[PDB]
Each structure stands twice: as C-alpha cells, then as structure tokens.
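J.: Got run_10.pdb for you, PDB, C-alpha atoms:
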```pdb
ATOM      1  CA  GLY A   1       0.000   0.000   0.000
ATOM      2  CA  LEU A   2       2.956   2.389   0.303
ATOM      3  CA  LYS A   3       3.017   4.079  -3.108
ATOM      4  CA  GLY A   4       6.095   5.830  -4.422
ATOM      5  CA  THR A   5       8.591   6.283  -7.223
ATOM      6  CA  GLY A   6      12.322   5.692  -7.046
ATOM      7  CA  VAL A   7      15.209   3.263  -7.406
ATOM      8  CA  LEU A   8      15.162   0.230  -5.103
ATOM      9  CA  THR A   9      18.824  -0.143  -4.197
ATOM     10  CA  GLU A  10      20.341  -1.998  -1.260
ATOM     11  CA  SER A  11      19.698   0.024   1.882
ATOM     12  CA  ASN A  12      22.557  -0.907   4.254
ATOM     13  CA  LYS A  13      20.169  -0.056   7.106
ATOM     14  CA  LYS A  14      20.120  -2.052  10.348
ATOM     15  CA  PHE A  15      16.401  -2.356  10.993
ATOM     16  CA  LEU A  16      15.121  -3.730  14.262
ATOM     17  CA  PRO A  17      13.166  -7.016  13.737
ATOM     18  CA  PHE A  18       9.795  -5.295  14.211
ATOM     19  CA  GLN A  19      10.578  -2.291  11.992
ATOM     20  CA  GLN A  20       9.145  -1.999   8.480
ATOM     21  CA  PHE A  21       9.891   1.564   7.327
ATOM     22  CA  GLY A  22      12.851   3.928   7.453
ATOM     23  CA  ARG A  23      12.670   7.715   7.686
ATOM     24  CA  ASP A  24      15.546  10.173   7.761
ATOM     25  CA  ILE A  25      14.551  13.855   8.074
ATOM     26  CA  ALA A  26      10.918  14.125   6.931
ATOM     27  CA  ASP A  27       7.742  12.226   5.997
ATOM     28  CA  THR A  28       9.605  10.465   3.158
ATOM     29  CA  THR A  29      10.296   6.750   3.477
ATOM     30  CA  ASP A  30      14.054   6.347   3.042
ATOM     31  CA  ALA A  31      14.204   2.563   3.506
ATOM     32  CA  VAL A  32      11.597  -0.196   3.292
ATOM     33  CA  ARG A  33      11.513  -3.905   4.156
ATOM     34  CA  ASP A  34      10.766  -6.377   1.361
ATOM     35  CA  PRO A  35       7.433  -8.062   2.249
ATOM     36  CA  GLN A  36       8.569 -11.460   0.904
ATOM     37  CA  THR A  37      12.310 -11.895   1.543
ATOM     38  CA  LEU A  38      12.647  -9.438   4.498
ATOM     39  CA  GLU A  39      15.540  -7.689   2.743
ATOM     40  CA  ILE A  40      15.826  -4.018   3.664
ATOM     41  CA  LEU A  41      15.638  -1.894   0.513
ATOM     42  CA  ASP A  42      16.482   1.773   0.039
ATOM     43  CA  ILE A  43      14.143   4.285  -1.573
ATOM     44  CA  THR A  44      16.059   6.933  -3.491
ATOM     45  CA  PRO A  45      13.889   9.031  -5.850
ATOM     46  CA  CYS A  46      14.893   9.021  -9.508
ATOM     47  CA  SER A  47      17.582  11.417 -10.705
ATOM     48  CA  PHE A  48      16.453  14.997 -11.188
ATOM     49  CA  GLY A  49      17.640  18.571 -11.430
TER      50      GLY A  49
ATOM     51  CA  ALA B   1       9.511  -5.917  44.442
ATOM     52  CA  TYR B   2       7.268  -4.882  41.562
ATOM     53  CA  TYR B   3       6.567  -1.414  40.248
ATOM     54  CA  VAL B   4       3.385   0.127  38.826
ATOM     55  CA  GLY B   5       3.369   3.386  36.886
ATOM     56  CA  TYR B   6       0.669   5.208  34.974
ATOM     57  CA  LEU B   7       0.687   6.624  31.469
ATOM     58  CA  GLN B   8       0.074  10.250  30.504
ATOM     59  CA  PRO B   9      -0.245  11.948  27.095
ATOM     60  CA  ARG B  10       3.175  13.555  26.924
ATOM     61  CA  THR B  11       5.508  14.916  24.239
ATOM     62  CA  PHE B  12       9.090  13.610  24.006
ATOM     63  CA  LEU B  13      12.140  14.444  21.915
ATOM     64  CA  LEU B  14      13.721  11.039  21.282
ATOM     65  CA  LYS B  15      17.466  10.662  20.666
ATOM     66  CA  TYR B  16      17.862   8.010  17.978
ATOM     67  CA  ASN B  17      21.455   6.919  17.427
ATOM     68  CA  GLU B  18      23.133   5.775  14.204
ATOM     69  CA  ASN B  19      21.971   2.194  14.884
ATOM     70  CA  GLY B  20      18.324   3.200  15.284
ATOM     71  CA  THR B  21      18.367   2.711  19.061
ATOM     72  CA  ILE B  22      16.717   5.326  21.278
ATOM     73  CA  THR B  23      19.508   6.320  23.664
ATOM     74  CA  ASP B  24      18.090   9.405  25.419
ATOM     75  CA  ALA B  25      14.903  11.448  25.728
ATOM     76  CA  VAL B  26      13.626  14.800  26.998
ATOM     77  CA  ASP B  27      10.278  15.011  28.800
ATOM     78  CA  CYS B  28       9.006  18.238  27.223
ATOM     79  CA  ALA B  29       6.708  19.131  30.152
ATOM     80  CA  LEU B  30       9.114  18.349  33.012
ATOM     81  CA  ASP B  31      10.862  21.646  33.791
ATOM     82  CA  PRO B  32      11.451  24.880  31.761
ATOM     83  CA  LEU B  33      14.937  23.717  30.762
ATOM     84  CA  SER B  34      13.225  20.739  29.123
ATOM     85  CA  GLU B  35      10.791  23.073  27.348
TER      86      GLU B  35
END
```
When written as structure tokens, how does the structure in this file appear?
T.:
Amino acid sequence: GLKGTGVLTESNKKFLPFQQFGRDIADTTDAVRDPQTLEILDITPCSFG
Amino acid sequence: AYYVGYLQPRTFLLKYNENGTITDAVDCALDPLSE
C-alpha cells in the first residue's frame, strides 16, 4: 500500500526485527523492508535537477 | 519488588542513534529547561 517512485537499491540499514519503514529527516520513506524476503531496501527518488 | 506506573499523554524528543536505538529522551513538560 505504500506508493512511491524511485530506485530500489540496497539500503545498508540495520532495521530492528519489528521495523518496516525507514525515515531520515521528513515524511519520506528512506528505507523499506521487502514483504517477501525481508531484505531491507532503500528508496532513493529518480535522478532529477 | 514490583513497580506500577501510569501513562500520561506527553511529548518527548527522542534521541535516535546511528543504529536506530533510542539512547536518550527529553520530557518536554518536566521543567522549563526541558521546554
């Protein structure tokens, strides 16, 4: 249900075993857990300028 | 010995570390230094 647009790179984030989302400075989701493999995936929005 | 506290609606500033662990907190309605 979390909708977004970006590149799904490897996060290198140490989530606690209950945690599902990662936030850094705002309401953006910086890192997200894979629902199937439980791999922690980064959310970086696509390149812009 | 067992301890019973009670919960209040209260604002905190939580110190997350680099590992995602909450290491410290400020009770924002404790004393005016905390405000």
J.: List the residues selected by the PyMOL selection byres ((chain A) within 12 of (chain B)) in the file shown, writing them as a ChimeraX atom specification.
T.: /A:12-17,19,21-25
J.: I'd like the residues picked by the PyMOL selection byres ((chain B and resi 24) around 9) written out as a compact mmCIF listing (two decimals) with C-alpha atoms, keeping the file's coordinate frame, using the chain letters and numbers from the file.
T.:
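result-v1.txt was written with the following content:
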```txt
# COMPACT_ATOMS: atom_id res chain seq x y z
CA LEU B 13 12.14 14.44 21.92
CA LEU B 14 13.72 11.04 21.28
CA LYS B 15 17.47 10.66 20.67
CA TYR B 16 17.86 8.01 17.98
CA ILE B 22 16.72 5.33 21.28
CA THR B 23 19.51 6.32 23.66
CA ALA B 25 14.90 11.45 25.73
CA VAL B 26 13.63 14.80 27.00
```
J.: Distance CA of residue 39 in chain A-CA of residue 26 in chain A, one decimal place?
T.: 22.7 Å
J.: Report, in Å to a single decimal, how far apart CA of residue 2 in chain A and CA of residue 47 in chain A are.
T.: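 Atom-to-atom, CA of residue 47 in chain A to CA of residue 2 in chain A, that is 20.4 Å.
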J.: What residues come out when you apply the PyMOL selection byres ((chain B and resi 6-10) around 9) to this file, written as an MDAnalysis selection string?
T.: chainID B and resid 4:5 11:12 27:29
J.: Between CA of residue 46 in chain A and CA of residue 32 in chain A, what is the spacing in Å?
T.: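 Those two atoms sit 16.1 Å apart.
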